[PDB]
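Visitor: Residue numbers (the deposited numbering), protein chains in the order written: chain A, -3 to -1, 1 to 232; chain B, 1 to 232.
Yeah, the Cβ is synthetic: ideal placement off N, Cα and C, and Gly gets one too.
Pasting a structure here, questions to come.
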Amino acid sequence: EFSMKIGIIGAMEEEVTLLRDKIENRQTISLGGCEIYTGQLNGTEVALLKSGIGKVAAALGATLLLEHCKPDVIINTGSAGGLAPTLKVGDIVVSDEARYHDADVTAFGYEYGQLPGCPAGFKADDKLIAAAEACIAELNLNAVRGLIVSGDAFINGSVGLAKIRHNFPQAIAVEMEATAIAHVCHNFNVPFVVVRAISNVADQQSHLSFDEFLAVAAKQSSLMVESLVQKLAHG
Amino acid sequence: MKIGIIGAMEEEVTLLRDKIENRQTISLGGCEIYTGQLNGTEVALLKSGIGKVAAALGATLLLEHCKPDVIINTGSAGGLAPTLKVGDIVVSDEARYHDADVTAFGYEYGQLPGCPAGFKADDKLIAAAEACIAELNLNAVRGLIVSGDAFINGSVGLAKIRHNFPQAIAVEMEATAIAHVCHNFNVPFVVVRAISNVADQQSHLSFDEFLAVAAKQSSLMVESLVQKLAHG
Ligand SMILES: CSC[C@H]1O[C@@H](n2cnc3c(N)ncnc32)[C@H](O)[C@@H]1O
Ligand SMILES: CSC[C@H]1O[C@@H](n2cnc3c(N)ncnc32)[C@H](O)[C@@H]1O
């Protein structure tokens, strides 16, 4: 397809810089505190947004990206804290869906993590997921697919981590933007998929590990997005 | 001037929607915005839905599609200040996320990277609110309002908020996301909400009993505030 535009969202400069550097005929849109780089990745039109950290920042950015750029699909990239036992720093996690691990209106009968007016979780697009898995296989990378949960806190072991494992025993990774992006996408009916890499395991060593392994995570997730954009656009 | 107003629930915005004349409706991103005049003042009323993301998406659409000069966030809230009773008013001096924590990276508790630790509400909007409160003989408290994506009802939830923000006068779920979006677009804002519960273990029961009263009181304050801002 020669008419599609793939949207990509990363929260930090370290997470979008590799991709930004590969954009052909790049230009930059500066709006509401966010930056969006337009151009093409090996011929495929893309709109890469640096959203900032956290749920609100990502929502605000995701909304602007959809409104000003109208991408057909959205891919959220960057690093995450690994929760699945087989995950090691560098490994890829693909979202089957996204849920807020810090949303709680259970007092009114909603299931934990669900906000009023929203489904309890947001489902990633089946085709995007299948495409991401193909890339994972073609690149011979270790990955895990499943539930990714977001919140506005950096998980670093202790109660923060345990509470999450307890409410979401099946969660494979934790971060701070995916569910806000999926929430916005859901409201606009835009297909999305989260493809991040592991930089820590959200335990008490998470900050030490994050600082040490963010670059390798950025590299691996960036490689995956580059490969995914190509696959989604031409097969 | 065009005054932006944001409420989360139908119950919080319905009284106001009923008063908007030359009324039109914008439906987008799962949100509804009612435009027109309120007692002779141009307004844009957004029903955002509950939570930070819904409020952030809503506020972003409102600014971009309606470009109001200022924003007023209304609705009910859980009172934390000792002198608040159900129905009373809380006015924001400032808004802070009570559930944001990146302190592992040196940011202040509640502060997200790239943002000020707190979002200061507009002095003139605050002054005007305080004027209406005095003119209406209402009981109110002004100060820090904290937002999170959890309904607070005693226990650990309430204890953690008391620990990090002992000066918080109220707690709710949209104010700071709205302040955060307004910050990014240089738009003045203020929070004027009415109490429906005191965020203790009986907060769900109080909420259900008093949301109607809180919606009414908050709606009246907004109506008076809008009129004062546009006509003295
Ligand atoms: C510096 S704040 C952490 C940033 O990296 C992601 N992240 C990586 N590991 C973690 C973790 N263990 N807890 C929370 N967010 C994480 C988040 O989405 C946010 O953009
Ligand atoms: C049904 S979820 C509660 C809704 O009312 C407000 N609210 C009122 N009291 C409280 C409370 N005690 N804790 C959290 N949000 C509250 C929130 O902003 C949200 O829109």
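1) May I ask which residues mark the beginning and end of the beta strand (DSSP E) holding A/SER27?
2) When you compare only the Cα positions, how much space is there between B/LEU125 and B/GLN111?
3) Do B/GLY118 and B/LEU144 come within 9 Å of each other at the CB atom, strictly closer than that value?
4) Give the secondary structure of A/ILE152 by DSSP, where H, G and I count as helix, E and B as strand, and everything else as coil.
5) Pull out every residue of the region 32 to 60 of chain B whose Cβ sits closer than 7 Å to any Cβ of chain A, in chain order.
6) So with Cβ pairs under 9 Å, would you call B/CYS66 a contact of chain A?
7) Run through the region 172 to 223 of chain A for me and flag every whole alpha helix (DSSP H) of 4 or more residues, listed as ranges in chain order.
8) A/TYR97 versus chain B: which residues are under 7 Å apart at the beta carbon?
9) Counting contacts by CB-CB distance shorter than 9 Å, is A/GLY114 in contact with chain B?
10) Strictly by DSSP, which residues pair up with B/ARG142?
11) According to a CB-to-CB cut-off of less than 7 Å, which residues of the region 169 to 187 of chain B neighbour chain A?
12) Between A/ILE169 and the rest of its own chain, which residues show a CB-CB distance below 8 Å, the 5 nearest in sequence each way excluded?
13) Can we count B/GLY110 as close to ligand 1, meaning its CB is less than 8 Å from some heavy atom?
14) Thinking A/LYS47 and A/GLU223 are a contact (beta carbons under 8 Å), I'd like their distance in whole angstroms, please.
15) Report the rounded CA-to-CA distance for B/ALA44 versus B/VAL53, giving the unit in angstroms.
16) Mind checking the region 76 to 104 of chain B against chain A and listing, in chain order, the residues whose C-beta falls within less than 7 Å of any C-beta there?
17) Below 8 Å, how does it come out for the region 22 to 42 of chain A and the region 204 to 217 of chain A: are there three or more Cβ pairs, yes or no?
18) What does B/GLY30 reach in chain A if we use C-beta pairs closer than 7 Å?
19) Taking 9 Å as the threshold (C-beta atoms), are A/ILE71 and A/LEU61 in contact?
20) Please confirm if B/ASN153 has its CB atom under 9 Å from at least one CB of chain A.
21) A/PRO166: buried (16+ other C-beta within 10 angstroms of its C-beta) or exposed?
22) Does chain B have any CB closer than 9 Å to the CB of A/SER203?
23) Put B/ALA230 into one of helix, strand or coil per three-state DSSP.
24) Within the same chain, show all residues whose beta-carbon is closer than 7 Å to that of B/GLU94, passing over the 5 residues directly before and after it, in chain order.
25) Hey, how far is the Cα of B/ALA8 from the Cα of A/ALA179?
26) How long is the line joining the alpha carbons of A/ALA104 and B/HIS204, rounded to whole angstroms?
27) If you compare alpha carbons, which of A/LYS228, A/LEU225 and A/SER218 is closest to A/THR14?
28) Assuming contact is defined by CB atoms lying nearer than 9 Å, are B/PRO116 and B/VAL102 in contact in what I supplied?
Guide: Short version:
1) Where A/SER27 is concerned, the enclosing beta strand (DSSP E) stretches over 21 to 28.
2) Between the alpha carbons of B/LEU125 and B/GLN111 lies a distance of about 24 Å.
3) For B/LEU144 and B/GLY118, yes; Cβs fall inside 9 Å.
4) The answer is coil: DSSP assigns A/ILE152 none of H, G, I, E or B.
5) So the close ones are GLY49, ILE50, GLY51, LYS52, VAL53, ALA54, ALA56, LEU57 and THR60.
6) Judged by the 9 Å Cβ criterion, B/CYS66 is not in contact with chain A.
7) Complete alpha helix (DSSP H) runs here, min 4: 175 to 185.
8) Chain B residues near A/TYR97: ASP149.
9) Cβ-Cβ to chain B under 9 Å: yes for A/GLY114.
10) Among the bridge pairs identified by DSSP, B/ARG142 is matched with B/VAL91.
11) So the list reads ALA177, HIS180, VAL181, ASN184 and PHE185, given in the order they occur along the chain.
12) For A/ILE169, the CB contacts under 8 Å within the same chain, skipping 5 residues up- and downstream, are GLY79, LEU80, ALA81, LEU84, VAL90, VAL141, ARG142, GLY143, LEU144 and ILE145 in chain order.
13) Relative to ligand 1, B/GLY110 has its C-beta separated by 8 Å or more from all heavy atoms.
14) A/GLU223 and A/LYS47 do not touch by the CB rule: their CB atoms are close to 17 Å apart, not below 8 Å.
15) Taking the straight line from one Cα to the other gives about 20 Å.
16) Against chain A - using a Cβ distance shorter than 7 Å - the residues of the region 76 to 104 of chain B are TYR97, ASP99, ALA100, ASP101, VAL102 and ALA104.
17) These segments do not touch.
18) What B/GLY30 touches in chain A: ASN184.
19) The beta carbons of A/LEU61 and A/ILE71 sit no closer together than 9 Å.
20) Flagged as an interface residue toward chain A: B/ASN153, by a C-beta distance shorter than 9 Å.
21) Exposed, since its Cβ has fewer than 16 Cβ neighbours within 10 Å.
22) By this cut-off, A/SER203 is an interface position.
23) Note: B/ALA230 maps to helix in three-state DSSP.
24) Take B/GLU94, set aside five residues on each side of it, and the residues of its chain with a beta-carbon closer than 7 Å to its own are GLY118, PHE119, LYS120, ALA121 and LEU144, in chain order.
25) Distance from the CA atom of B/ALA8 to the CA atom of A/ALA179, rounded to whole angstroms, is 20 Å.
26) Spanning the two alpha carbons is a distance of roughly 7 Å.
27) If we check each option's Cα against that of A/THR14, A/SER218 comes out closest.
28) Against a cut-off of 9 Å, the Cβ pair of B/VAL102 and B/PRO116 comes out as no contact.
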